[PDB]
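Reading through the structure tokens given below for one structure.
Chain identifiers are assigned alphabetically (A, B, ...) following the order of the sequence lines, protein sequences preceding nucleic acid strands; residue numbering begins at 1 within each chain. Below, all heavy atoms of this structure are taken into account, side chains as well, without hydrogens, waters or symmetry copies.
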Amino acid sequence: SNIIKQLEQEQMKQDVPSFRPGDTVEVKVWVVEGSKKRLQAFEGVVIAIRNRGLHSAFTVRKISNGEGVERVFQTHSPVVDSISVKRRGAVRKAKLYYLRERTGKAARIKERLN
Amino acid sequence: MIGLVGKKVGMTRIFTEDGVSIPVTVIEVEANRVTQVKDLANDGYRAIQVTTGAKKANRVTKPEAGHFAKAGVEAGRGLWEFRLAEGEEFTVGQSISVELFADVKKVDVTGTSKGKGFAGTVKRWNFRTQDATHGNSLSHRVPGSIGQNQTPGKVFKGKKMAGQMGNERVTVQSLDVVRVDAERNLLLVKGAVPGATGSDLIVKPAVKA
Amino acid sequence: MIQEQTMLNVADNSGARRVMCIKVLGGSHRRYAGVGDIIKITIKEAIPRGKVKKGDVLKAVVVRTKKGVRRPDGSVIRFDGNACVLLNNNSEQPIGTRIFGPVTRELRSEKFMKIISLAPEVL
Amino acid sequence: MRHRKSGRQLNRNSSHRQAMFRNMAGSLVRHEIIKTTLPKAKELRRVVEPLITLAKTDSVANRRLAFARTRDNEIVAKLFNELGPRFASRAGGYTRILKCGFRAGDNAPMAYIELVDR
Amino acid sequence: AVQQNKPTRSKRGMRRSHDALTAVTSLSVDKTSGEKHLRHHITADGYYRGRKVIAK
Amino acid sequence: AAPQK
RNA sequence: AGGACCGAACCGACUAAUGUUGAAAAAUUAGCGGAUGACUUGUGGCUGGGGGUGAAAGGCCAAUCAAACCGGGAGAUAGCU
RNA sequence: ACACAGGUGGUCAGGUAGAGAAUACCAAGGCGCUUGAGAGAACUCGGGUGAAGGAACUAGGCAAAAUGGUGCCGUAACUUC
RNA sequence: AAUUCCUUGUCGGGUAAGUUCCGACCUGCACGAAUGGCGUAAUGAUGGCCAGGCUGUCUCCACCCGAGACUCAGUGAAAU
RNA sequence: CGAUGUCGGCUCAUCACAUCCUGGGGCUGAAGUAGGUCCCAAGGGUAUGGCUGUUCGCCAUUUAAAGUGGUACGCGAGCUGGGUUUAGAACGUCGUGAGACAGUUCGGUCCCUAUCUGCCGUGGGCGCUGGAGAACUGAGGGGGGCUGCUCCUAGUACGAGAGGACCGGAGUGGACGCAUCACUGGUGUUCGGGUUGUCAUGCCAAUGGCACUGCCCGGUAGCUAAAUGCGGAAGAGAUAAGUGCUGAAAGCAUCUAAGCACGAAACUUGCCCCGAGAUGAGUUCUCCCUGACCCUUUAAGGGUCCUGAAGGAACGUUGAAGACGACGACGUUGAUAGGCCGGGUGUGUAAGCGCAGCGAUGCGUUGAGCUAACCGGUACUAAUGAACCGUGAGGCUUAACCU
Ligand SMILES: COC(=O)c1c(OC)cc2cc3c(c(O)c2c1C)C(=O)[C@]1(OC)C(=O)C=C(OC)[C@@H](O)[C@]1(O)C3=O
Ligand SMILES: [K+]
Ligand SMILES: [K+]
Ligand SMILES: [K+]
Ligand SMILES: [K+]
Ligand SMILES: [K+]
Ligand SMILES: [K+]
Ligand SMILES: [K+]
Ligand SMILES: [K+]
Ligand SMILES: [K+]
Ligand SMILES: [K+]
Ligand SMILES: [K+]
Ligand SMILES: [K+]
Ligand SMILES: [K+]
Ligand SMILES: [K+]
Ligand SMILES: [K+]
Ligand SMILES: [K+]
Ligand SMILES: [K+]
Ligand SMILES: [K+]
Ligand SMILES: [K+]
Ligand SMILES: [K+]
Ligand SMILES: [K+]
Ligand SMILES: [K+]
Ligand SMILES: [K+]
Ligand SMILES: [Mg+2]
Ligand SMILES: [Mg+2]
Ligand SMILES: [Mg+2]
Ligand SMILES: [Mg+2]
Ligand SMILES: [Mg+2]
Ligand SMILES: [Mg+2]
Ligand SMILES: [Mg+2]
Ligand SMILES: [Mg+2]
Ligand SMILES: [Mg+2]
Ligand SMILES: [Mg+2]
Ligand SMILES: [Mg+2]
Ligand SMILES: [Mg+2]
Ligand SMILES: [Mg+2]
Ligand SMILES: [Mg+2]
Ligand SMILES: [Mg+2]
Ligand SMILES: [Mg+2]
Ligand SMILES: [Mg+2]
Ligand SMILES: [Mg+2]
Ligand SMILES: [Mg+2]
Ligand SMILES: [Mg+2]
Ligand SMILES: [Mg+2]
Ligand SMILES: [Mg+2]
Ligand SMILES: [Mg+2]
Ligand SMILES: [Mg+2]
Ligand SMILES: [Mg+2]
Ligand SMILES: [Mg+2]
Ligand SMILES: [Mg+2]
Ligand SMILES: [Mg+2]
Ligand SMILES: [Mg+2]
Ligand SMILES: [Mg+2]
Ligand SMILES: [Mg+2]
Ligand SMILES: [Mg+2]
Ligand SMILES: [Mg+2]
Ligand SMILES: [Mg+2]
Ligand SMILES: [Mg+2]
Ligand SMILES: [Mg+2]
Ligand SMILES: [Mg+2]
Ligand SMILES: [Mg+2]
Ligand SMILES: [Mg+2]
Ligand SMILES: [Mg+2]
Ligand SMILES: [Mg+2]
Ligand SMILES: [Mg+2]
Ligand SMILES: [Mg+2]
Ligand SMILES: [Mg+2]
Ligand SMILES: [Mg+2]
Ligand SMILES: [Mg+2]
Ligand SMILES: [Mg+2]
Ligand SMILES: [Mg+2]
Ligand SMILES: [Mg+2]
Ligand SMILES: [Mg+2]
Ligand SMILES: [Mg+2]
Ligand SMILES: [Mg+2]
Ligand SMILES: [Mg+2]
Ligand SMILES: [Mg+2]
Ligand SMILES: [Mg+2]
Ligand SMILES: [Mg+2]
Ligand SMILES: [Mg+2]
């Protein structure tokens, strides 16, 4: 629909970087503790990307304090302040859900050197 | 207070500056033309009849074509009536825009729900299924008992049974208006409203307060 | 999405290791406990000399779930496991002195502020 | 429910549908007109016309791709050496369906389907 | 289940009152061949809308 | 054969 | 070596579903048990009705068994419908 | 009783994989099972997948799901050794 | 207790909760020595109970793939 | 007794009120909180497990509460078959025995294609008085009605203290219901990829068939819940128990006799849906038809010629509509469906060629190639000129206007 895609275009961010699954990403998100506002960083491997325009989302997996955590970020949400690619992963698949069944040295991702 | 007739364009999302995501239905509300006005003298009740959109001239039958000509307006896709409260007055050929809702906080939206065809009692009425496996014979999604023995010896009216589901008029009440874009004839309302995309909607100011 | 018969890990040093949910409190016919819901639990496994022993019946608060929690922008946080903190039946204050693994801001309320103060991380 | 779904099951399993249309498409290329039931004709459009579009650009990659679908080198040959050159300028609509009464033995509605520039 | 009483020839006929066929409302005449045919169907000699579509 | 009263 | 083990042919029939005016007056499908032995199977023979045979269930003796089938006594008798 | 998803002894015994007469795909050879065409409701049958939980189901883990091969390591109570 | 009516005897184990299960007591209505008593490795499509694993059995059902049911043409039953 | 299937469970319920909760009151051995007892009230609501064939009951943990009964001890042409209650076997006991036990124990075939009534849905006919297309009014009928916790008022009133409100307001939950698919997910045998065995395309390379979709990994549209929007109301009328004003009969007293006022989730409205076959068949707006002639039984009469309107149906392309009918869009004066073009999405760097390596394989061309149901366009294919049904100014009586 031309009506709706116009309503969406006026909201999308114009400066989201290129990143793809297996890249290690740092995301900074706004959090609020009453009268004060902060960024906190969430860093991990991108295991999934969903490219639905304004409804685009991506999933970051990290291990923290021994526990695996996944977070699904809405890419164009103004809660996401910044996205930064720390490292590039070489992987054959669009989705890396097999990394849920792995840990330690089995969960290593080769680097996309070239 | 009168309402307006629109079309369900679809659903999308609004992000607030403080970081909330609001689901919105997009309702297109082109200029509604008043085709007839009714009063106590001629009809015994006060109402306006409106039309909207456009219709191919080859499809407008003469009984209808003469009706719009009487008003002096072009044929829309249909005709609808709205009751008038006291102190509301309109004139034939008047055009009513989405700006009507500019001061309105909540609306009621009416539409025809999507059609499910012949639905079973589990889908239509949330009946519990019977046991899958402990020796059940041919009776997994069937209704069970439909009544009582000799007394009364009949099934009561209104017994919940399978049959047509959906494809019927539904009203959703007290939806928040998120935005009016009178420059592009859009009304955005929070949440979902009945019917498929491209279906006609009637929007009225919320009756409850 | 915890329910009766669900086994949970314990996110605290109270000495329990596995607990089973036996009642979702706070409502008639209530089906599920989410993050920050109180549950009645029973201790299925414990270390030899902790503060509590096998077969005790206590309250607990859910702090992590595999189902995760939804945030106001539609984002989701999920954990690899289900975990709870054991509480006293009467006062509902924590039994353990320290907390393990992350927790979530859903607990950031005056009732559990002690857990939020002790947690290694609040997501 | 069926809302917005496409295709026809034609009272066959999926593997049989695929084989049947592969055979029938080969026939409509070999003989530029065939007689069949009206519903099968309407589905064959969605099979044969995409092959003709592919044949409009002759390459080893496309010939192997056309072979994978038809599995007949005589059909592939005719596609690239005849039909592609014919329909080079036509923007779709390579076939025509003509309704043709009812089949004697079971009263099925029959139709002819033919290539337009026969 | 099965009937407790034999239905009448009256009740039989009422049920069958909906079984009547309908004839073709009217045939069409081909603008060149002059054969009658069903609308949107080729004529028996293989004409349609005034051109010989099949040589059969 | 059947279950009898 | 073995009334040994696993497992096809072969022999059986533990569970579930289907079927129940059946595809079938005892089956089908998916699993199941034995499978060199007190095994299984082809051809022929013998035992006859208060009799046979029975690793015994009143089980089997031609879709029939606390006494087979056919014909006769015979139109048994029926204080019953 | 049927152009009946049943029953019926012997002989022959190709290739690749495999321990194999199992199983998969094929050869020689033989068939597509004697009503079809459409549509793609409830519901019945036979199957596939399933978030979180994991017997809470039920008279009962019934039925499903799961285990499943070869080589090597290792292996308790009890015992008629 | 394949035997025990009263009886869910009483005590212990197992469970948050156990009329079933296991151990023990002896008040054995109404065990008991070849119509055998009491043990017992192995074995059993044997009865009961518990645990790990697994799971649409279930909370609570959703979707999908085939055969029917539905419409059209031909043939054409039955109980009652 | 030429058969009324018999316990419990499952599914589905429906009524009473002798009220479990929520609602309104009186008295109290009622300070507050919380209780006891009685009156009114049937709108809505009214646990999950362990044991047991169980009903029940006990126990564990909840809840505002876990009501009592009727309906063939509701419900087997709706399911089960644990128990009772056939044929096998055994125990205790009784009997010489065959056998027996309102004793125990293990095993043990649950059939039916719906004619009628009833009920849930969906059509055809005719009627409503000339025909046709729309929009309504609303007699009447149905759905809905639940309730916790926190905070403020207020640590106030009350109380020695402990403890701790009424009335009123706000927020946020549980169960239930409607809608929807933007989000998070499921599915996705019609999209892409990996891979085992074997057969084939002459062979290599590349592909295709079969093996449950062979096994698997992702996934578009649609559908969908665990996902996310909304709902229960406020208000009004007349009242129940109850509380009163003025007031005699009865110089007083008295809510009642005359008169007047308050009072509940019950009743009538308010909210949502159906609805003129509402035969009592309503209303409003618009559109269409303005010819002759004969005969008999002289009428609401039959027929011949001419005429064929508005509109409808049929046919075709079809749909978020659908079992079939029906309903909606479109039919060249056209985006209805398919194809095609561009995009998006999904998968994940195709084939061929070149280079490196002994080879498996890697790298370059290359985020390439392919890509269903999606989005925006485009007459390339199919949606024909017709024909068919439907008529020709629409009874009588009376009244009021106009003539
Ligand atoms: C209370 O119990 C019953 O309600 C009941 C029952 O409930 C499931 C099943 C059956 C089953 C049967 C019988 C029953 O009596 C029976 C009864 C009473 C028979 O008598 C039978 O009838 C052909 C027969 O003639 C000879 C036989 O054994 C000698 C049986 O095997 C028989 O064949 C059969 O199937
Ligand atoms: K215990
Ligand atoms: K022999
Ligand atoms: K005899
Ligand atoms: K159909
Ligand atoms: K005894
Ligand atoms: K056995
Ligand atoms: K009787
Ligand atoms: K009360
Ligand atoms: K009281
Ligand atoms: K009530
Ligand atoms: K009842
Ligand atoms: K019963
Ligand atoms: K009956
Ligand atoms: K009747
Ligand atoms: K009601
Ligand atoms: K969705
Ligand atoms: K989806
Ligand atoms: K292959
Ligand atoms: K007085
Ligand atoms: K209320
Ligand atoms: K009417
Ligand atoms: K390449
Ligand atoms: K791509
Ligand atoms: Mg529909
Ligand atoms: Mg059966
Ligand atoms: Mg079944
Ligand atoms: Mg009656
Ligand atoms: Mg479509
Ligand atoms: Mg068929
Ligand atoms: Mg296959
Ligand atoms: Mg042996
Ligand atoms: Mg035998
Ligand atoms: Mg078998
Ligand atoms: Mg075997
Ligand atoms: Mg053995
Ligand atoms: Mg064996
Ligand atoms: Mg012999
Ligand atoms: Mg006997
Ligand atoms: Mg016999
Ligand atoms: Mg005798
Ligand atoms: Mg004599
Ligand atoms: Mg006689
Ligand atoms: Mg024969
Ligand atoms: Mg045959
Ligand atoms: Mg045969
Ligand atoms: Mg044989
Ligand atoms: Mg074989
Ligand atoms: Mg051959
Ligand atoms: Mg189907
Ligand atoms: Mg699951
Ligand atoms: Mg998945
Ligand atoms: Mg899972
Ligand atoms: Mg249980
Ligand atoms: Mg239960
Ligand atoms: Mg039990
Ligand atoms: Mg089993
Ligand atoms: Mg051991
Ligand atoms: Mg005990
Ligand atoms: Mg004992
Ligand atoms: Mg003895
Ligand atoms: Mg003796
Ligand atoms: Mg003994
Ligand atoms: Mg027929
Ligand atoms: Mg009788
Ligand atoms: Mg009362
Ligand atoms: Mg009311
Ligand atoms: Mg248990
Ligand atoms: Mg009963
Ligand atoms: Mg009954
Ligand atoms: Mg039994
Ligand atoms: Mg049984
Ligand atoms: Mg008997
Ligand atoms: Mg039955
Ligand atoms: Mg009404
Ligand atoms: Mg979508
Ligand atoms: Mg997904
Ligand atoms: Mg899949
Ligand atoms: Mg090769
Ligand atoms: Mg083959
Ligand atoms: Mg155009």
Side-chain angles (χ1 to χ4, degrees), chain A residues 51 55 94-95, chain B residues 11-13 21 23 36 42-45 49 58 61-64 66-67 70 79 81 113-115 117-120 128 130-139 141-146 148-151 154-157 159 161-164 167 169-174 190-192 194 196, chain C residues 1 3-6 22-23 25 27-31 40 42 57 66-67 70 74 76, chain D residues 1-7 9 13-14 37 39 45 49 60-61 64 68 71 90-93 95-97 106-108 116, chain E residues 1-4 7 18 25-26 28 31 39-40 49, chain F residues 3 5:
Chain A
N51 296 301
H55 311 109
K95 304 293 187 288
Chain B
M11 293 192 76
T12 190
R13 168 155 58 183
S21 161
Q36 185 182 6
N42 187 64
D43 300 277
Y45 72 105
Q49 192 192 54
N58 65 346
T61 58
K62 288 181 171 63
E64 296 186 340
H67 186 74
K70 175 68 185 298
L79 289 166
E81 287 191 27
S113 57
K114 300 168 75 187
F118 200 100
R128 304 291 127 238
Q130 300 181 38
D131 301 355
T133 312
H134 285 283
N136 184 296
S137 297
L138 309 180
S139 301
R141 300 180 67 100
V142 304
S145 185
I146 72 175
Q148 301 85 19
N149 218 317
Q150 238 181 87
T151 303
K154 65 175 180 179
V155 182
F156 296 130
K157 293 188 197 292
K159 192 75 184 73
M161 290 178 163
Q164 178 61 30
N167 194 34
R169 181 183 172 120
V170 174
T171 292
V172 185
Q173 294 192 315
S174 301
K190 184 177 180 182
Chain C
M1 200 166 195
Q3 65 195 90
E4 303 189 23
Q5 311 292 309
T6 302
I22 71 169
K23 193 62 58 195
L25 305 183
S28 180
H29 287 275
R30 183 171 180 153
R31 292 185 181 83
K40 184 73 73 155
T42 187
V57 174
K66 267 179 57 68
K67 193 74 179 177
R70 184 76 77 94
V76 172
Chain D
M1 277 173 281
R2 214 212 95 267
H3 296 172
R4 308 293 294 252
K5 293 186 183 173
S6 187
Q9 174 180 342
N13 70 65
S14 186
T37 59
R45 300 183 297 182
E49 295 187 316
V60 172
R64 289 185 182 191
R71 299 301 300 188
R90 184 178 289 277
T95 67
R96 174 185 293 118
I97 300 177
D106 64 356
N107 204 59
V116 170
Chain E
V2 68
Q3 74 201 356
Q4 287 209 359
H18 290 285
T25 179
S26 192
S28 292
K31 76 176 186 175
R39 276 194 94 70
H40 311 96
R49 290 179 67 190
Chain F
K5 198 202 296 178

Do the side-chain N or O atoms of [X] get closer than 4.0 angstrom to the phosphate oxygens (OP1, OP2) of [N]?
X: D:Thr37; N: H:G38; result: yes
X: C:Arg31; N: J:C176; result: yes
X: D:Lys5; N: J:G222; result: no
X: E:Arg39; N: J:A387; result: no
X: B:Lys114; N: J:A179; result: no
X: D:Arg96; N: J:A382; result: yes
X: D:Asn13; N: J:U213; result: no
X: A:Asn51; N: J:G346; result: yes
X: B:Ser137; N: G:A17; result: no
X: D:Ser14; N: I:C65; result: no
X: D:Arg4; N: J:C375; result: yes
X: C:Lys66; N: H:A52; result: yes
X: D:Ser6; N: J:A373; result: no

Using the P atom in both, what is the distance from J:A221 to J:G43, to the nearest Å? 49 Å

Expressed as a whole number of Å, how far does the P atom of G:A30 sit from that of G:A9?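 Pairwise P distance, G:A30 against G:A9, rounds to 13 Å.
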
Atom CE of D:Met1 to atom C1' of H:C43: distance rounded to whole Å?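 Distance check: D:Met1 CE to H:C43 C1' gives 15 Å.
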
H:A55 P sits how many Å from B:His134 NE2, rounded? 14 Å

Of all the nucleotides listed ([options]), which has the minimum atom distance to the side chain of [X]?
X: B:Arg128; options: J:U284, I:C60, H:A42; result: I:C60
X: A:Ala94; options: J:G173, J:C10, J:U347; result: J:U347
X: D:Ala68; options: J:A321, J:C183, J:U207; result: J:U207
X: D:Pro39; options: J:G219, H:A37, H:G38; result: H:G38
X: E:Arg49; options: J:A383, J:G385, J:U11; result: J:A383

Quick check: any donor-acceptor pair below 3.5 Å linking the side-chain of C:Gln3 to the base of I:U59? yes

Between the base of J:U115 and the side chain of E:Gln4, is there a donor-acceptor distance below 3.5 Å?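 Not at all, since no donor on one side and acceptor on the other fall under 3.5 Å apart.
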
Only pairs with both distances under 3.5 Å count, Watson-Crick or wobble alike; so what is the partner of I:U27 in this structure?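 Answer to the pairing question: none, since I:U27 forms no Watson-Crick or G-U pair.
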
For J:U297, tell me north or south, taking a positive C1'-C2'-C3'-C4' torsion as north and a negative one as south.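 Torsion sign negative, so south.
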
By the stacking rule (ring centres under 5.5 Å, planes under 30°), does J:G328 stack with J:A329?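 Stack present between J:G328 and J:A329.
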
